[PDB]
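Structure, as structure tokens:
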Amino acid sequence: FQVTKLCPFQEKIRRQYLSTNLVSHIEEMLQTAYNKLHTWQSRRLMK
Amino acid sequence: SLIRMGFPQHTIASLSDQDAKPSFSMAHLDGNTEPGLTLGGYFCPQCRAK
Amino acid sequence: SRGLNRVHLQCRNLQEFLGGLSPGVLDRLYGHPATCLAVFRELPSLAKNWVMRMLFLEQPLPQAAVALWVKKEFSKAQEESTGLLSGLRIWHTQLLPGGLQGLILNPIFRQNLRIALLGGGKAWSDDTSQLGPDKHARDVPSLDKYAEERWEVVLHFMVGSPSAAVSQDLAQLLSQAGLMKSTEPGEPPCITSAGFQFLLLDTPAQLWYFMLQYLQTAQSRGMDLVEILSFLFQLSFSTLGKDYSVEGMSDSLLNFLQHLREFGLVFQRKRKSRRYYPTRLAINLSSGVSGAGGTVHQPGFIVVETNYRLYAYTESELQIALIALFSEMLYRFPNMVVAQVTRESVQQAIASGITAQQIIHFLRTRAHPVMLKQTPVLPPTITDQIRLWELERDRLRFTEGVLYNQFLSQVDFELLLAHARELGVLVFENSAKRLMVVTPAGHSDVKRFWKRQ
Amino acid sequence: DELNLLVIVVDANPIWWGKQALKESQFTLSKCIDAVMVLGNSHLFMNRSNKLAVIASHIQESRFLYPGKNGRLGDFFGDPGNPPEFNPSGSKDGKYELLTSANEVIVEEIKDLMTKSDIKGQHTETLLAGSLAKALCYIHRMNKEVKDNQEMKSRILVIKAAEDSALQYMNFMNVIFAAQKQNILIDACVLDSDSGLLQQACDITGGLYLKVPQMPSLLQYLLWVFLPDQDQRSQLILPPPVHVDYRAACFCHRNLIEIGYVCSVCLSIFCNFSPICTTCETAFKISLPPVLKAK
Ligand SMILES: [Zn+2]
């Protein structure tokens with residue numbers, strides 16, 4: 001996910017009129033899946 | 001025996017006008033199951049999937 | 001249609017007749033009894049909702065609020081109500097009272113609009129006709145016979161007065177609307193082509209046009225007195241006046257009262273005074289645009305086998321003189337078997353008019369017999385035979401005109417064709433033989449253009 | 001040709017209307033009747049063959065203002081579709097004859113209701129849920145007779161003026177699903193009090209939860225927006241868009257449910273922290289509470 005999310009970041013910089021209506025639809029559900037993986041990155045307990 | 005019941009909420013995906021907003025159930029929206037041109041839908045309170 | 005399209009719809013005939021009136025008469029028309037009629041006769045919701053908008057607003061509003069009230073998906077229906085806005089002739093577009101193109105309604109009509117909806121006063125409960133506080137206390141079925149007699153006399157004038165000898169001037173009245181035709185070799189008038197359809201639906205909507213027929217002269221007759229008098233029978237029954245109309249009347253009010261009583265919408269007592277009571281047929285005038293009734297079993301039933309169309313028989317005294325007026329059928333020995341050798345009798349009536357849609361309407365819609373019991377279409381294959389009889393009268397043409405022959409060039413004859421076409425005197429042209437038919441009405445004008453070119 | 005019907009639910013609360021006049025208000029209980037005087041006349045102006053039905057909402061019952069329940073408008077109906085035994089007033093409907101008699105029944109019926117309000121039983125508030133239970137039984141009785149030829153296109157108008165009481169809010173939701181089968185529309189006209197149950201009647205059936213600001217500006221939001229014709233309401237757009245959203249949470253619990261579970265197998269939606277039963281007499285296996293309690 002660290003390298004996949006970087007691909008559209010270097011592509012939407014050439015069309016600012018279209019990139020506005022393309023960041024307010026997928027970010028709401030993507031933050032939930034990323035939050036579940038960010039906790040286990042620093043989790044040091046098996047229970 | 002059953003656990004975890006989904007309690008979604010009804011939204012309109014707009015503020016004042018429907019055509020002024022990107023409507024609901026479009027292309028870039030995560031709801032790619034039934035695409036088209038609607039006016040509103042539900043979303044999971046634990047995942048925010050419209 | 002030959003003069004009945006404006007009768008089926010009431011809100012369209014009122015807007016067309018209002019456009020050709022005097023400015024002083026329209027001022028008195030904008031009254032409180034007329035506010036409940038310009039909206040009730042309508043049907044679309046857009047034309048009826050704008051009446052409430054001009055009542056609360058005290059200042060003229062611009063067109064910006066109208067183009068925005070349709071939001072975004074409603075301007076298509078706005079163009080349909082645009083032509084109706086000029087029909088009633090009550091709004092007015094100013095210059096810029098507070099924005100751009102301010103729309104305002106006539107304040108004379110706005111004052112009387114609140115009297116019959118919100119506000120009130122006193123003169124509304126003092127004048128007769130529009131009110132007349134009086135109850136009914138007379139035998140109702142006894143007065144229903146007089147309502148049928150008023151319409152039966154009109155049928156005698158359409159045939160030729162077989163047994164009537166009344167002095168009612170109803171033959172010339174119906175001739176102005178294209179219903180009755182004067183006989184050329186004789187003197188009793190007959191009937192036109194559009195008059196046959198009136199004797200089929202039997203709707204009280206035609207009687208509304210007869211009341212406004214005398215007003216079309218525009219000489220010494222006002223509409224404010226006719227509109228306030230026509231509202232009496234529009235309130236169904238239990239709407240009288242006892243003797244209040246006797247004290248408050250004049251010579252003009254008595255003239256319109258005698259003509260309305262002979263139509264079949266109101267009954268008047270002896271000596272043309274005392275108490276008056278509206279008939280039963282006036283209820284269907286305010287209910288819808290048409291109506292049915294008059295039978296409980298429908299003994300009539302036609303035949304859908306052969307092609308001569310055996311019409312129904314044995315009913316009452318209404319269908320006896322009705323079928324003979326259509327095309328004069330035949331009858332045999334038993335209970336008047338009508339229409340049994342229809343081959344030459346129908347062609348006798350079609351020679352004086354293209355009465356093709358009235359025979360089909362009488363054959364299909366006579367008492368609703370086949371469409372209720374059977375299932376397939378009522379007419380078999382006669383739909384093509386009826387059209388053949390109408391084309392037989394198109395084989396010839398009796399018209400006069402002059403013909404111009406012997407020209408010189410071909411490009412010169414094309415210029416002359418535009419002279420008779422613009423004036424409206426051209427009938428048929430021929431560019432291959434250089435021939436043009438000109439009516440004698442404009443013969444003195446076509447000869448002048450040829451001598452100059 | 002065509003008939004219509006409008007059921008107005010007036011929240012006649014002597015407690016709320018009795019205290020509004022103290023705050024220097026010009027739209028009190030005496031002026032609330034004028035709203036029916038205008039809406040009842042504008043409805044008949046578009047079509048003289050319509051019918052009027054006004055239902056009140058008192059703190060003890062839902063009295064029928066028009067027609068009343070007394071010996072005048074109870075057994076015999078004064079509807080315009082009954083020419084016999086009713087024609088001194090039901091004959092000149094085209095002005096102020098039958099329209100005045102329609103408002104006179106409301107004034108005559110409210111006489112017995114205003115005098116029967118000794119408020120000696122402390123406070124009971126207005127049973128607002130019982131008002132809609134009487135409107136469905138009235139529109140179904142007339143529909144069975146008018147189903148032939150005619151169709152009678154009607155609506156449901158609700159005017160909210162106060163809160164609820166100790167009544168079970170489940171009864172207020174039974175009239176919502178019972179009205180969807182007949183394909184009818186339910187409205188809502190709040191004045192000061194706000195509730196989340198009345199807004200549900202406008203989202204399920206497709207109504208409109210309108211919020212009235214000041215009181216004297218009431219004739220504008222009940223004629224164009226709350227039009228019984230409901231023919232151009234899809235492209236009308238006059239009230240502001242709905243911003244807030246109130247639904248339903250737990251039944252017999254003091255928490256906002258969003259992922260919680262019921263007690264066991266019944267319908268009382270509670271929470272997820274329940275290894276055994278709660279307020280019933282059932283049981284529940286211990287094959288899931290050991291899993292949910294961990295994480
Ligand atoms: Zn339980």
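So you can find residues: chains in the structure tokens are A, B, ... in the order shown, residues in each start at 1, and ligands are numbered from 1 in order.
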Would you mind listing what lies within 10 Å of residue 382 (chain C) as a JSON list (two decimals) with N, CA and C atoms, in the first residue's frame, with only C-alpha atoms counted and same-chain residues fewer than 6 positions away left out?
[["chain", "number", "residue", "atom", "x", "y", "z"],
["C", 306, "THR", "N", -73.49, -8.95, -40.88],
["C", 306, "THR", "CA", -73.49, -8.51, -42.27],
["C", 306, "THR", "C", -72.87, -7.13, -42.42],
["C", 307, "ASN", "N", -73.44, -6.30, -43.30],
["C", 307, "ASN", "CA", -72.89, -4.98, -43.55],
["C", 307, "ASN", "C", -73.93, -3.86, -43.62],
["C", 308, "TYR", "N", -75.23, -4.16, -43.67],
["C", 308, "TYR", "CA", -76.22, -3.09, -43.72],
["C", 308, "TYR", "C", -76.46, -2.44, -42.37],
["C", 309, "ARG", "N", -75.89, -2.99, -41.29],
["C", 309, "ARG", "CA", -75.97, -2.42, -39.95],
["C", 309, "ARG", "C", -77.41, -2.27, -39.48],
["C", 360, "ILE", "N", -70.52, 7.07, -37.97],
["C", 360, "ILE", "CA", -69.70, 6.11, -37.24],
["C", 360, "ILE", "C", -69.88, 6.29, -35.73],
["C", 388, "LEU", "N", -65.69, 5.07, -48.95],
["C", 388, "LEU", "CA", -65.94, 5.02, -50.38],
["C", 388, "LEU", "C", -67.13, 5.89, -50.77]]
TODO: Give as a PyMOL selection string the residues surrounding ligand 1 up to a distance of 7 Å, considering only C-alpha atoms and all ligand atoms.
DONE: chain D and resi 263-268+279-280+282
Please produce a file of the residues just selected, as a short mmCIF file (atom, residue, chain, number, x, y, z; two decimals), in the first residue's frame, where the atoms kept are N, CA and C atoms.
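File part_3.cif, as written:
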data_model
loop_
_atom_site.label_atom_id
_atom_site.label_comp_id
_atom_site.auth_asym_id
_atom_site.auth_seq_id
_atom_site.Cartn_x
_atom_site.Cartn_y
_atom_site.Cartn_z
N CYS D 263 -30.89 -8.69 22.79
CA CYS D 263 -30.72 -9.42 24.04
C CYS D 263 -30.37 -10.88 23.77
N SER D 264 -31.11 -11.54 22.88
CA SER D 264 -30.85 -12.93 22.54
C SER D 264 -31.41 -13.25 21.16
N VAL D 265 -32.69 -13.63 21.10
CA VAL D 265 -33.36 -13.94 19.85
C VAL D 265 -34.62 -13.10 19.64
N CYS D 266 -34.92 -12.18 20.55
CA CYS D 266 -36.12 -11.35 20.42
C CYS D 266 -35.88 -10.18 19.49
N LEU D 267 -36.47 -9.02 19.81
CA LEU D 267 -36.33 -7.83 18.98
C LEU D 267 -35.82 -6.62 19.74
N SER D 268 -35.55 -6.74 21.04
CA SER D 268 -35.06 -5.63 21.84
C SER D 268 -33.58 -5.41 21.53
N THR D 279 -33.24 -8.59 30.16
CA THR D 279 -34.55 -8.28 30.72
C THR D 279 -35.62 -9.29 30.32
N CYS D 280 -35.23 -10.41 29.71
CA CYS D 280 -36.14 -11.46 29.29
C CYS D 280 -35.91 -12.70 30.16
N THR D 282 -34.65 -15.77 28.51
CA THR D 282 -34.04 -16.66 27.54
C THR D 282 -32.61 -17.00 27.98
#
- [ ] Using only C-alpha atoms, determine which residues of chain D fall within 12 Å of chain A; present them as a ChimeraX atom specification.
- [x] /D:291,293-295
Open item on the list: Report as an MDAnalysis selection string all protein, DNA and RNA residues lying within 12 Å of residue 30 (chain D), evaluated on only C-alpha atoms, omitting residues in the same chain fewer than 3 positions from it.
Closed with: chainID D and resid 12 14 17:18 20:21 25:27 33:37 107 110
- [ ] Using only C-alpha atoms, pick whichever of D:10, D:271, D:223, D:137 has the shortest atom-to-atom distance to residue 250 (chain D).
- [x]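 Nearest candidate to residue 250 (chain D) out of D:10, D:271, D:223, D:137: D:271.
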Open item on the list: Which residues are close to residue 157 (chain C), i.e. within 8 Å by only C-alpha atoms, leaving aside same-chain residues fewer than 2 positions away? Reply as a ChimeraX atom specification.
Closed with: /C:153-155,159-161,170-171,188-190
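Going from CA of residue 27 (chain C) over to CA of residue 256 (chain C), you cover 20.5 Å.
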Task: Within 8 Å of residue 47 (chain B) using only C-alpha atoms, minus same-chain residues under 2 positions, as a list in words - done: residues 29, 32 and 33 of chain A; 43, 44, 45 and 49 of chain B
Task: One-decimal distance in Å that lies between CA of residue 3 (chain B) and CA of residue 270 (chain D) - done: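 Spanning CA of residue 270 (chain D) to CA of residue 3 (chain B) is a straight-line distance of 11.6 Å.
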TODO: Check every residue of chain D for an atom within 9 Å of chain C, counting only C-alpha atoms, and provide those that qualify as a PyMOL selection string.
DONE: chain D and resi 1-2+37-38+41-42+45-49+87-96+220+223-224+229+231-232+235-238
Let's have the selection written as a short mmCIF file (atom, residue, chain, number, x, y, z; two decimals), in the first residue's frame, with N, CA and C atoms.
data_model
loop_
_atom_site.label_atom_id
_atom_site.label_comp_id
_atom_site.auth_asym_id
_atom_site.auth_seq_id
_atom_site.Cartn_x
_atom_site.Cartn_y
_atom_site.Cartn_z
N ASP D 1 -66.24 14.63 -11.67
CA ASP D 1 -65.11 14.39 -12.56
C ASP D 1 -63.90 13.90 -11.77
N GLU D 2 -63.55 14.63 -10.71
CA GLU D 2 -62.42 14.28 -9.87
C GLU D 2 -62.61 14.90 -8.50
N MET D 37 -59.36 27.87 8.11
CA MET D 37 -60.28 28.71 7.36
C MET D 37 -59.72 29.07 5.98
N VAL D 38 -58.41 29.20 5.87
CA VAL D 38 -57.78 29.53 4.60
C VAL D 38 -57.47 28.27 3.79
N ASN D 41 -60.60 26.62 2.41
CA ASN D 41 -61.24 27.33 1.31
C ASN D 41 -60.43 27.26 0.03
N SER D 42 -59.10 27.31 0.13
CA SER D 42 -58.26 27.22 -1.06
C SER D 42 -58.30 25.82 -1.66
N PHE D 45 -61.48 25.79 -3.71
CA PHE D 45 -61.48 26.73 -4.82
C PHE D 45 -60.99 26.08 -6.10
N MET D 46 -60.03 25.15 -5.99
CA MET D 46 -59.54 24.46 -7.18
C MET D 46 -60.55 23.45 -7.70
N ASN D 47 -61.37 22.89 -6.81
CA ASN D 47 -62.38 21.91 -7.21
C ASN D 47 -63.48 21.92 -6.16
N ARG D 48 -64.71 22.26 -6.58
CA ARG D 48 -65.83 22.35 -5.65
C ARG D 48 -66.36 20.98 -5.24
N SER D 49 -65.85 19.89 -5.81
CA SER D 49 -66.28 18.54 -5.47
C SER D 49 -65.29 17.85 -4.53
N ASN D 87 -79.04 20.13 2.04
CA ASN D 87 -79.03 21.02 0.89
C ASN D 87 -79.34 22.50 1.17
N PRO D 88 -79.62 22.94 2.41
CA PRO D 88 -79.64 24.39 2.64
C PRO D 88 -78.25 25.01 2.61
N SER D 89 -77.22 24.25 2.96
CA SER D 89 -75.84 24.73 2.96
C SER D 89 -74.95 24.02 1.95
N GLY D 90 -75.27 22.78 1.59
CA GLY D 90 -74.47 22.05 0.63
C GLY D 90 -74.90 22.26 -0.80
N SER D 91 -75.41 23.46 -1.10
CA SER D 91 -75.86 23.80 -2.44
C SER D 91 -75.11 24.97 -3.05
N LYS D 92 -74.62 25.90 -2.22
CA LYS D 92 -73.88 27.05 -2.72
C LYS D 92 -72.42 26.98 -2.30
N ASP D 93 -71.78 25.84 -2.55
CA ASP D 93 -70.39 25.64 -2.17
C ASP D 93 -69.43 26.57 -2.91
N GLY D 94 -69.88 27.22 -3.98
CA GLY D 94 -69.03 28.08 -4.78
C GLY D 94 -68.65 29.40 -4.15
N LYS D 95 -68.92 29.60 -2.86
CA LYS D 95 -68.56 30.85 -2.21
C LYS D 95 -68.36 30.65 -0.71
N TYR D 96 -69.25 31.22 0.11
CA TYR D 96 -69.12 31.18 1.56
C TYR D 96 -70.29 30.49 2.24
N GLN D 220 -48.00 30.50 3.86
CA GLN D 220 -47.15 30.32 2.69
C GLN D 220 -46.66 28.89 2.55
N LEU D 223 -49.85 26.11 1.43
CA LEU D 223 -50.61 26.22 0.19
C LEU D 223 -49.86 25.72 -1.03
N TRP D 224 -48.60 26.11 -1.19
CA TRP D 224 -47.80 25.67 -2.33
C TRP D 224 -47.04 24.38 -2.03
N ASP D 229 -52.76 18.49 -4.33
CA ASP D 229 -52.68 18.00 -5.71
C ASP D 229 -51.46 17.11 -5.91
N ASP D 231 -48.98 17.11 -7.60
CA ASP D 231 -48.63 16.86 -8.99
C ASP D 231 -47.31 17.49 -9.40
N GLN D 232 -46.98 18.66 -8.84
CA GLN D 232 -45.74 19.36 -9.18
C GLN D 232 -44.82 19.50 -7.97
N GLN D 235 -40.77 18.91 -8.59
CA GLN D 235 -39.96 19.98 -9.15
C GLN D 235 -40.36 21.34 -8.57
N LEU D 236 -40.88 21.34 -7.34
CA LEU D 236 -41.29 22.58 -6.70
C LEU D 236 -40.08 23.32 -6.11
N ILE D 237 -39.44 22.71 -5.11
CA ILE D 237 -38.25 23.25 -4.46
C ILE D 237 -38.55 24.63 -3.87
N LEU D 238 -39.05 24.64 -2.63
CA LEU D 238 -39.31 25.89 -1.92
C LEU D 238 -38.74 25.85 -0.50
#
- [ ] One decimal, Å: what's the distance from CA of residue 194 (chain C) over to CA of residue 369 (chain C), could you say?
- [x]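 We find that CA of residue 194 (chain C) and CA of residue 369 (chain C) lie 24.6 Å from each other.
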Open item on the list: So that I can see what lies close to residue 393 (chain C), please list as a ChimeraX atom specification the residues with an atom at most 9 Å from it, counting only C-alpha atoms and leaving out residues fewer than 5 positions away in the same chain.
Closed with: /C:350-351,354
Could you list, as a short mmCIF file (atom, residue, chain, number, x, y, z; two decimals) with N, CA and C atoms, in the first residue's frame, the residues of chain B having an atom within 12 Å of chain C when counting only C-alpha atoms?
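Now in out_39.cif:
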data_model
loop_
_atom_site.label_atom_id
_atom_site.label_comp_id
_atom_site.auth_asym_id
_atom_site.auth_seq_id
_atom_site.Cartn_x
_atom_site.Cartn_y
_atom_site.Cartn_z
N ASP B 17 -28.12 21.16 -3.77
CA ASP B 17 -28.57 20.70 -5.07
C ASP B 17 -27.91 19.36 -5.40
N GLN B 18 -28.65 18.52 -6.12
CA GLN B 18 -28.13 17.20 -6.48
C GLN B 18 -27.22 17.26 -7.70
N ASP B 19 -27.55 18.11 -8.67
CA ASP B 19 -26.72 18.22 -9.87
C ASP B 19 -25.46 19.02 -9.61
N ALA B 20 -25.49 19.94 -8.64
CA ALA B 20 -24.29 20.68 -8.28
C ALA B 20 -23.24 19.79 -7.61
#
Task: For chain B, the nearest of the candidates A:38, A:25, A:15, A:44, counting only C-alpha atoms - done: A:25
- [ ] For chain A, list the residues within 12 Å of chain B, counting only C-alpha atoms, and write the list as an MDAnalysis selection string.
- [x] chainID A and resid 18:36
Task: Exercise answer, chain B residues close to chain D, 9 Å and only C-alpha atoms, as a PyMOL selection string - done: chain B and resi 1-11+15-17+45-46
Open item on the list: Neighbouring residues of residue 274 (chain C) were defined as those with any atom within 8 Å, considering only C-alpha atoms; residues of the same chain fewer than 4 positions away were excluded. Please report them as a list in words.
Closed with: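 Here the qualifying residues turn out to be residues 242, 243, 246, 269 and 270 of chain C.
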Expected file: the selected residues, C-alpha atoms, as a short mmCIF file (atom, residue, chain, number, x, y, z; two decimals), in the first residue's frame:
data_model
loop_
_atom_site.label_atom_id
_atom_site.label_comp_id
_atom_site.auth_asym_id
_atom_site.auth_seq_id
_atom_site.Cartn_x
_atom_site.Cartn_y
_atom_site.Cartn_z
CA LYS C 242 -88.34 33.33 -4.34
CA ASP C 243 -89.32 36.87 -5.37
CA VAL C 246 -88.68 40.63 -9.24
CA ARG C 269 -93.28 29.84 -13.44
CA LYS C 270 -96.38 31.10 -15.23
#
Open item on the list: Using DSSP assignments from the backbone, pull out every residue in chain A that falls under helix (DSSP H, G or I) and give it to me as a ChimeraX atom specification.
Closed with: /A:6-9,16-22,27-39
